[PDB]
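Chemist: Structure file my_file.pdb (PDB, C-alpha atoms) is given on the next line.
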ATOM      1  CA  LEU A 634      10.720 -12.510  -9.750  1.00  0.00           C
ATOM      2  CA  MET A 635       8.415 -11.875 -12.701  1.00  0.00           C
ATOM      3  CA  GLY A 636       7.461  -8.536 -11.179  1.00  0.00           C
ATOM      4  CA  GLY A 637       4.188  -7.700  -9.487  1.00  0.00           C
ATOM      5  CA  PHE A 638       2.612  -7.832  -6.058  1.00  0.00           C
ATOM      6  CA  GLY A 639       3.422 -10.709  -3.745  1.00  0.00           C
ATOM      7  CA  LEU A 640       0.257 -11.670  -1.882  1.00  0.00           C
ATOM      8  CA  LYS A 641      -0.139 -14.134   0.971  1.00  0.00           C
ATOM      9  CA  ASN A 642      -3.898 -14.218   0.353  1.00  0.00           C
ATOM     10  CA  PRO A 643      -4.139 -13.453  -3.374  1.00  0.00           C
ATOM     11  CA  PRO A 644      -7.366 -13.081  -5.363  1.00  0.00           C
ATOM     12  CA  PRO A 645      -8.977 -16.503  -5.057  1.00  0.00           C
ATOM     13  CA  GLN A 646      -9.357 -18.826  -8.010  1.00  0.00           C
ATOM     14  CA  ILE A 647     -12.819 -18.808  -9.559  1.00  0.00           C
ATOM     15  CA  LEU A 648     -13.460 -22.242 -11.018  1.00  0.00           C
ATOM     16  CA  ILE A 649     -16.255 -23.056 -13.433  1.00  0.00           C
ATOM     17  CA  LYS A 650     -17.502 -26.138 -15.248  1.00  0.00           C
ATOM     18  CA  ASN A 651     -20.487 -27.376 -17.200  1.00  0.00           C
ATOM     19  CA  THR A 652     -22.750 -29.629 -15.146  1.00  0.00           C
ATOM     20  CA  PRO A 653     -22.808 -33.065 -16.804  1.00  0.00           C
ATOM     21  CA  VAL A 654     -26.166 -33.739 -18.439  1.00  0.00           C
ATOM     22  CA  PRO A 655     -26.140 -37.421 -19.461  1.00  0.00           C
ATOM     23  CA  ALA A 656     -27.771 -38.959 -22.507  1.00  0.00           C
ATOM     24  CA  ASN A 657     -30.402 -41.704 -22.414  1.00  0.00           C
ATOM     25  CA  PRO A 658     -29.686 -44.430 -19.870  1.00  0.00           C
ATOM     26  CA  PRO A 659     -30.623 -48.008 -20.811  1.00  0.00           C
ATOM     27  CA  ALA A 660     -33.859 -49.711 -19.793  1.00  0.00           C
ATOM     28  CA  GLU A 661     -32.282 -51.962 -17.164  1.00  0.00           C
ATOM     29  CA  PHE A 662     -29.837 -50.975 -14.461  1.00  0.00           C
ATOM     30  CA  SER A 663     -26.062 -50.867 -14.826  1.00  0.00           C
ATOM     31  CA  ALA A 664     -23.645 -49.513 -12.201  1.00  0.00           C
ATOM     32  CA  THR A 665     -20.794 -48.774 -14.627  1.00  0.00           C
ATOM     33  CA  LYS A 666     -21.592 -45.157 -14.283  1.00  0.00           C
ATOM     34  CA  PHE A 667     -21.614 -42.957 -17.441  1.00  0.00           C
ATOM     35  CA  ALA A 668     -19.683 -42.505 -20.645  1.00  0.00           C
ATOM     36  CA  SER A 669     -22.601 -41.024 -22.604  1.00  0.00           C
ATOM     37  CA  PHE A 670     -23.164 -37.322 -22.008  1.00  0.00           C
ATOM     38  CA  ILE A 671     -24.844 -34.594 -24.018  1.00  0.00           C
ATOM     39  CA  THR A 672     -22.131 -32.637 -25.814  1.00  0.00           C
ATOM     40  CA  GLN A 673     -22.630 -29.059 -24.674  1.00  0.00           C
ATOM     41  CA  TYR A 674     -20.809 -25.874 -23.676  1.00  0.00           C
ATOM     42  CA  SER A 675     -21.643 -22.543 -22.092  1.00  0.00           C
ATOM     43  CA  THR A 676     -20.968 -18.905 -22.841  1.00  0.00           C
ATOM     44  CA  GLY A 677     -21.622 -15.662 -21.033  1.00  0.00           C
ATOM     45  CA  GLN A 678     -20.058 -12.434 -19.872  1.00  0.00           C
ATOM     46  CA  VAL A 679     -17.573 -11.724 -17.093  1.00  0.00           C
ATOM     47  CA  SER A 680     -16.694  -8.347 -15.562  1.00  0.00           C
ATOM     48  CA  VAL A 681     -13.797  -7.658 -13.203  1.00  0.00           C
ATOM     49  CA  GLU A 682     -13.486  -4.327 -11.396  1.00  0.00           C
ATOM     50  CA  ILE A 683     -10.245  -3.554  -9.568  1.00  0.00           C
ATOM     51  CA  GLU A 684      -9.803  -0.329  -7.595  1.00  0.00           C
ATOM     52  CA  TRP A 685      -6.197   0.885  -7.506  1.00  0.00           C
ATOM     53  CA  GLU A 686      -4.598   3.292  -5.013  1.00  0.00           C
ATOM     54  CA  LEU A 687      -2.395   5.829  -6.769  1.00  0.00           C
ATOM     55  CA  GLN A 688       0.652   7.595  -5.375  1.00  0.00           C
ATOM     56  CA  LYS A 689       1.038  11.133  -6.700  1.00  0.00           C
ATOM     57  CA  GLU A 690       4.420  12.559  -7.523  1.00  0.00           C
ATOM     58  CA  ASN A 691       5.718  15.268  -5.208  1.00  0.00           C
ATOM     59  CA  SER A 692       8.563  16.180  -7.541  1.00  0.00           C
ATOM     60  CA  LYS A 693      10.471  19.451  -7.356  1.00  0.00           C
ATOM     61  CA  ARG A 694      12.338  18.724 -10.580  1.00  0.00           C
ATOM     62  CA  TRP A 695      12.767  21.742 -12.847  1.00  0.00           C
ATOM     63  CA  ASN A 696      13.293  20.425 -16.392  1.00  0.00           C
ATOM     64  CA  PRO A 697      10.692  18.238 -18.172  1.00  0.00           C
ATOM     65  CA  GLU A 698      10.593  14.549 -17.368  1.00  0.00           C
ATOM     66  CA  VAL A 699      10.613  11.530 -19.680  1.00  0.00           C
ATOM     67  CA  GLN A 700       7.153  10.474 -20.846  1.00  0.00           C
ATOM     68  CA  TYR A 701       5.557   7.679 -22.831  1.00  0.00           C
ATOM     69  CA  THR A 702       4.629   9.389 -26.073  1.00  0.00           C
ATOM     70  CA  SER A 703       3.407   7.959 -29.359  1.00  0.00           C
ATOM     71  CA  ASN A 704       5.479   8.771 -32.425  1.00  0.00           C
ATOM     72  CA  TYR A 705       3.562  11.383 -34.401  1.00  0.00           C
ATOM     73  CA  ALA A 706       4.550  10.403 -37.928  1.00  0.00           C
ATOM     74  CA  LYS A 707       2.914   9.272 -41.147  1.00  0.00           C
ATOM     75  CA  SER A 708       2.122   5.716 -40.079  1.00  0.00           C
ATOM     76  CA  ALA A 709       0.529   2.820 -41.907  1.00  0.00           C
ATOM     77  CA  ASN A 710      -0.918   1.273 -38.737  1.00  0.00           C
ATOM     78  CA  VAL A 711      -1.636   3.078 -35.461  1.00  0.00           C
ATOM     79  CA  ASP A 712       0.019   1.539 -32.381  1.00  0.00           C
ATOM     80  CA  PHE A 713      -2.304  -0.433 -30.051  1.00  0.00           C
ATOM     81  CA  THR A 714      -5.207  -0.513 -32.516  1.00  0.00           C
ATOM     82  CA  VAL A 715      -6.678  -3.183 -34.793  1.00  0.00           C
ATOM     83  CA  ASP A 716      -5.404  -4.124 -38.259  1.00  0.00           C
ATOM     84  CA  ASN A 717      -7.061  -4.065 -41.687  1.00  0.00           C
ATOM     85  CA  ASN A 718      -8.875  -7.280 -40.721  1.00  0.00           C
ATOM     86  CA  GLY A 719      -9.467  -6.721 -37.041  1.00  0.00           C
ATOM     87  CA  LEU A 720      -6.460  -8.284 -35.304  1.00  0.00           C
ATOM     88  CA  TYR A 721      -5.578  -6.329 -32.169  1.00  0.00           C
ATOM     89  CA  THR A 722      -1.809  -5.995 -31.808  1.00  0.00           C
ATOM     90  CA  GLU A 723       0.500  -4.521 -29.167  1.00  0.00           C
ATOM     91  CA  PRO A 724       3.677  -3.275 -30.864  1.00  0.00           C
ATOM     92  CA  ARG A 725       6.035  -2.942 -27.873  1.00  0.00           C
ATOM     93  CA  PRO A 726       6.144  -3.598 -24.125  1.00  0.00           C
ATOM     94  CA  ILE A 727       5.456  -0.608 -21.905  1.00  0.00           C
ATOM     95  CA  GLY A 728       7.046  -0.497 -18.471  1.00  0.00           C
ATOM     96  CA  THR A 729       6.110   1.953 -15.753  1.00  0.00           C
ATOM     97  CA  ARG A 730       9.406   3.584 -14.759  1.00  0.00           C
ATOM     98  CA  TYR A 731       9.276   7.000 -16.437  1.00  0.00           C
ATOM     99  CA  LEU A 732       9.098   9.573 -13.657  1.00  0.00           C
ATOM    100  CA  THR A 733      12.177  10.302 -11.588  1.00  0.00           C
ATOM    101  CA  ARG A 734      12.925  11.048  -7.949  1.00  0.00           C
ATOM    102  CA  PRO A 735      16.193  11.337  -5.997  1.00  0.00           C
ATOM    103  CA  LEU A 736      17.590   8.238  -4.353  1.00  0.00           C
TER     104      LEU A 736
ATOM    105  CA  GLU B 323      29.419  44.767   1.921  1.00  0.00           C
ATOM    106  CA  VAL B 324      33.095  44.856   0.969  1.00  0.00           C
ATOM    107  CA  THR B 325      34.558  47.373  -1.488  1.00  0.00           C
ATOM    108  CA  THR B 326      38.025  47.117  -3.030  1.00  0.00           C
ATOM    109  CA  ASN B 327      40.073  50.271  -3.556  1.00  0.00           C
ATOM    110  CA  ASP B 328      43.828  49.761  -4.199  1.00  0.00           C
ATOM    111  CA  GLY B 329      44.028  46.960  -1.626  1.00  0.00           C
ATOM    112  CA  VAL B 330      42.623  49.229   1.085  1.00  0.00           C
ATOM    113  CA  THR B 331      39.406  47.169   0.962  1.00  0.00           C
ATOM    114  CA  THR B 332      36.902  48.451   3.520  1.00  0.00           C
ATOM    115  CA  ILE B 333      34.026  46.372   4.849  1.00  0.00           C
ATOM    116  CA  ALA B 334      30.812  48.313   5.402  1.00  0.00           C
ATOM    117  CA  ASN B 335      27.454  47.186   6.774  1.00  0.00           C
ATOM    118  CA  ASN B 336      24.309  46.794   4.655  1.00  0.00           C
ATOM    119  CA  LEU B 337      21.395  47.329   7.002  1.00  0.00           C
ATOM    120  CA  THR B 338      18.842  46.687   4.244  1.00  0.00           C
ATOM    121  CA  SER B 339      20.239  43.619   2.486  1.00  0.00           C
ATOM    122  CA  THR B 340      18.477  40.319   3.014  1.00  0.00           C
ATOM    123  CA  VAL B 341      19.426  36.643   3.280  1.00  0.00           C
ATOM    124  CA  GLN B 342      17.206  33.860   1.916  1.00  0.00           C
ATOM    125  CA  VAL B 343      16.864  30.771   4.120  1.00  0.00           C
ATOM    126  CA  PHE B 344      14.717  27.707   3.542  1.00  0.00           C
ATOM    127  CA  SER B 345      14.667  24.190   4.952  1.00  0.00           C
ATOM    128  CA  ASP B 346      13.775  21.506   2.416  1.00  0.00           C
ATOM    129  CA  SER B 347      11.382  19.601   4.665  1.00  0.00           C
ATOM    130  CA  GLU B 348       9.849  17.689   1.741  1.00  0.00           C
ATOM    131  CA  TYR B 349      13.130  16.098   0.540  1.00  0.00           C
ATOM    132  CA  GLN B 350      12.748  17.081  -3.099  1.00  0.00           C
ATOM    133  CA  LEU B 351      16.354  18.285  -3.666  1.00  0.00           C
ATOM    134  CA  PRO B 352      19.371  15.938  -3.899  1.00  0.00           C
ATOM    135  CA  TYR B 353      20.435  15.141  -0.346  1.00  0.00           C
ATOM    136  CA  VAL B 354      24.151  15.991  -0.428  1.00  0.00           C
ATOM    137  CA  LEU B 355      24.323  15.591   3.366  1.00  0.00           C
ATOM    138  CA  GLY B 356      25.091  12.169   4.767  1.00  0.00           C
ATOM    139  CA  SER B 357      28.212  12.042   2.630  1.00  0.00           C
ATOM    140  CA  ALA B 358      30.937  12.921   5.215  1.00  0.00           C
ATOM    141  CA  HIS B 359      31.843  16.325   3.800  1.00  0.00           C
ATOM    142  CA  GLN B 360      33.715  19.207   5.348  1.00  0.00           C
ATOM    143  CA  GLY B 361      32.088  22.441   6.395  1.00  0.00           C
ATOM    144  CA  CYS B 362      30.159  21.283   9.447  1.00  0.00           C
ATOM    145  CA  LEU B 363      30.006  23.166  12.687  1.00  0.00           C
ATOM    146  CA  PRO B 364      33.520  23.170  14.179  1.00  0.00           C
ATOM    147  CA  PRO B 365      34.205  20.873  17.145  1.00  0.00           C
ATOM    148  CA  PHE B 366      35.275  23.730  19.365  1.00  0.00           C
ATOM    149  CA  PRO B 367      32.574  26.342  20.084  1.00  0.00           C
ATOM    150  CA  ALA B 368      34.902  29.353  19.760  1.00  0.00           C
ATOM    151  CA  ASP B 369      35.608  28.846  16.059  1.00  0.00           C
ATOM    152  CA  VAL B 370      34.067  30.681  13.123  1.00  0.00           C
ATOM    153  CA  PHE B 371      33.327  28.444  10.168  1.00  0.00           C
ATOM    154  CA  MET B 372      32.515  29.029   6.516  1.00  0.00           C
ATOM    155  CA  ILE B 373      29.314  27.635   5.013  1.00  0.00           C
ATOM    156  CA  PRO B 374      29.931  25.159   2.147  1.00  0.00           C
ATOM    157  CA  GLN B 375      28.582  25.526  -1.361  1.00  0.00           C
ATOM    158  CA  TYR B 376      25.571  23.478  -2.385  1.00  0.00           C
ATOM    159  CA  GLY B 377      26.100  21.523  -5.568  1.00  0.00           C
ATOM    160  CA  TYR B 378      24.497  18.281  -6.698  1.00  0.00           C
ATOM    161  CA  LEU B 379      25.128  15.507  -9.202  1.00  0.00           C
ATOM    162  CA  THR B 380      22.620  13.833 -11.507  1.00  0.00           C
ATOM    163  CA  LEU B 381      22.615  11.126 -14.156  1.00  0.00           C
ATOM    164  CA  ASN B 382      25.561  10.965 -16.532  1.00  0.00           C
ATOM    165  CA  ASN B 383      26.275   9.037 -19.716  1.00  0.00           C
ATOM    166  CA  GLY B 384      29.953   9.467 -18.989  1.00  0.00           C
ATOM    167  CA  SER B 385      30.579  13.215 -18.854  1.00  0.00           C
ATOM    168  CA  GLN B 386      27.324  14.076 -20.651  1.00  0.00           C
ATOM    169  CA  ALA B 387      23.758  14.360 -19.458  1.00  0.00           C
ATOM    170  CA  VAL B 388      20.984  11.877 -20.154  1.00  0.00           C
ATOM    171  CA  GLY B 389      17.421  13.095 -20.783  1.00  0.00           C
ATOM    172  CA  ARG B 390      16.464  12.061 -17.241  1.00  0.00           C
ATOM    173  CA  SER B 391      19.149  14.243 -15.609  1.00  0.00           C
ATOM    174  CA  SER B 392      17.248  16.565 -13.305  1.00  0.00           C
ATOM    175  CA  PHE B 393      17.916  20.271 -12.865  1.00  0.00           C
ATOM    176  CA  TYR B 394      16.918  22.143  -9.723  1.00  0.00           C
ATOM    177  CA  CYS B 395      16.547  25.902  -9.513  1.00  0.00           C
ATOM    178  CA  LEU B 396      16.559  26.662  -5.797  1.00  0.00           C
ATOM    179  CA  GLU B 397      14.832  30.027  -6.190  1.00  0.00           C
ATOM    180  CA  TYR B 398      11.806  27.930  -7.166  1.00  0.00           C
ATOM    181  CA  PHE B 399      11.507  27.101  -3.448  1.00  0.00           C
ATOM    182  CA  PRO B 400       9.767  29.434  -0.968  1.00  0.00           C
ATOM    183  CA  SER B 401      12.551  31.085   1.016  1.00  0.00           C
ATOM    184  CA  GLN B 402      12.467  33.405   4.023  1.00  0.00           C
ATOM    185  CA  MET B 403      14.254  36.657   3.290  1.00  0.00           C
ATOM    186  CA  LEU B 404      16.002  37.643   6.517  1.00  0.00           C
ATOM    187  CA  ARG B 405      17.040  41.251   6.936  1.00  0.00           C
ATOM    188  CA  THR B 406      19.342  41.951   9.909  1.00  0.00           C
ATOM    189  CA  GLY B 407      16.555  42.133  12.491  1.00  0.00           C
ATOM    190  CA  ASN B 408      14.960  38.808  11.583  1.00  0.00           C
ATOM    191  CA  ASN B 409      15.715  35.212  12.539  1.00  0.00           C
ATOM    192  CA  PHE B 410      15.131  31.690  11.206  1.00  0.00           C
ATOM    193  CA  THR B 411      13.825  28.906  13.432  1.00  0.00           C
ATOM    194  CA  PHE B 412      12.409  25.502  12.689  1.00  0.00           C
ATOM    195  CA  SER B 413      11.924  22.267  14.620  1.00  0.00           C
ATOM    196  CA  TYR B 414      12.345  18.644  13.606  1.00  0.00           C
ATOM    197  CA  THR B 415      11.314  15.333  15.169  1.00  0.00           C
ATOM    198  CA  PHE B 416      13.281  12.186  14.355  1.00  0.00           C
ATOM    199  CA  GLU B 417      11.325   9.091  13.438  1.00  0.00           C
ATOM    200  CA  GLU B 418      11.742   5.825  15.320  1.00  0.00           C
ATOM    201  CA  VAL B 419      15.277   4.571  14.676  1.00  0.00           C
ATOM    202  CA  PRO B 420      16.853   1.779  16.773  1.00  0.00           C
ATOM    203  CA  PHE B 421      19.315   2.616  19.531  1.00  0.00           C
ATOM    204  CA  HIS B 422      22.954   2.575  18.548  1.00  0.00           C
ATOM    205  CA  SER B 423      24.655  -0.379  20.186  1.00  0.00           C
ATOM    206  CA  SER B 424      27.122   1.522  22.371  1.00  0.00           C
ATOM    207  CA  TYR B 425      28.462  -1.668  23.900  1.00  0.00           C
ATOM    208  CA  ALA B 426      30.788  -4.526  23.146  1.00  0.00           C
TER     209      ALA B 426
END
Can you turn what I pasted into structure tokens?

Modeler:
Amino acid sequence: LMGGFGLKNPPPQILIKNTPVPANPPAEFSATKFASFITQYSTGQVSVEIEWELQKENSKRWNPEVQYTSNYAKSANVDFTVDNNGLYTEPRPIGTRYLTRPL
Amino acid sequence: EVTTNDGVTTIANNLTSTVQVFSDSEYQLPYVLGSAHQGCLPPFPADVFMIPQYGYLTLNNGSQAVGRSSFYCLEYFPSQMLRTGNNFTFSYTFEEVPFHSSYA
């Protein structure tokens, strides 16, 4: 109901954690397991590559259709670019229903 | 060809005039059929009927057009110009539709 593709077997969840590396244990044994760990974190890169199957229009409409254009005007800030201090902003939501076809 | 002259209108016969026929087998015009209109074949085989006029409707902000109202020039479709010695044939295969329940 939010829109999208309903999938019985969706893309599976990729779960990730840091392996716990404990600090120094005491000299004698104690079975109350571990509260002392080495405070750490990880970083890295992650790349996702989805292939999408397109469906071409077969339209026999005569007149021009409605497009998603950018307003060519004297603007202070370009749409869908970064700001004066590098904040990336998205000025409006873009749907996907622009082309037409008969019912 | 018909020619009016003081209500003594004679009908002559153009041997060289053509007739453009196409079947829109890609469904890219508004499908005005399936709307229970007149101008079908008559029920009785010994009747001569008159072909209806094609005319479609598109999107309307009341009685005005919207920018997404389509316009279709039908001479932008490949026709088959049929002079009096020519004929038009095509064939069509229905896709799998369920049987009509002709029972109570």

Chemist: Separation of CA of residue 410 in chain B and CA of residue 337 in chain B, in Å?

Modeler: 17.4 Å

Chemist: Select all residues from chain A having any atom no more than 9 Å from an atom of chain B (counting only C-alpha atoms, ignoring ligands), output as a ChimeraX atom specification.

Modeler: /A:691-699,731-736

Chemist: Return as an MDAnalysis selection string the set of residues that the PyMOL selection byres ((chain A and resi 712-729) around 12) yields on the displayed structure.

Modeler: chainID A and resid 636:637 699:706 708:711 730:733

Chemist: Just to confirm, what's the straight-line distance from CA of residue 378 in chain B to CA of residue 356 in chain B in Å (one decimal)?

Modeler: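 Distance between the two atoms: 13.0 Å.
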
Chemist: Taking the file as shown, find all residues satisfying the PyMOL selection byres ((chain A and resi 676) around 12) and write them as JSON, numbers by chain.

Modeler: {"A": [649, 650, 651, 673, 674, 675, 677, 678, 679]}

Chemist: Taking all atoms of range 393-404 of chain B that appear in the file, build a box with edges along x, y and z, extend it by 3 Å on every side, and state its centre and edge lengths in Å to one decimal, as lines of an AutoDock Vina configuration file.

Modeler:
center_x = 13.8
center_y = 29.0
center_z = -3.2
size_x = 14.1
size_y = 23.4
size_z = 25.4

Chemist: What is the CA of residue 345 in chain B to CA of residue 377 in chain B distance in Å?

Modeler: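 Taking CA of residue 345 in chain B as the start and CA of residue 377 in chain B as the end point, the length is 15.8 Å.
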
Chemist: Please return as a PyMOL selection string every residue within 8 Å of (16.8, 29.3, 2.9), taking into account only C-alpha atoms and the file's own coordinates.

Modeler: chain B and resi 341-345+401-403

Chemist: Applying 12 Å and all atoms listed in the file, which residues near residue 667 in chain A remain after dropping the ones on its own chain fewer than 4 positions away? List them as a VMD selection string.

Modeler: chain A and resid 653 to 659 662 to 663 671

Chemist: If the PyMOL selection byres ((chain B and resi 374) around 8) were run on this exact file, what residues would it hold? Put them as a PDB file with C-alpha atoms, in the frame of the given file.

Modeler:
ATOM      1  CA  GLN B 360      33.715  19.207   5.348  1.00  0.00           C
ATOM      2  CA  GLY B 361      32.088  22.441   6.395  1.00  0.00           C
ATOM      3  CA  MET B 372      32.515  29.029   6.516  1.00  0.00           C
ATOM      4  CA  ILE B 373      29.314  27.635   5.013  1.00  0.00           C
ATOM      5  CA  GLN B 375      28.582  25.526  -1.361  1.00  0.00           C
ATOM      6  CA  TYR B 376      25.571  23.478  -2.385  1.00  0.00           C
TER       7      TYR B 376
END
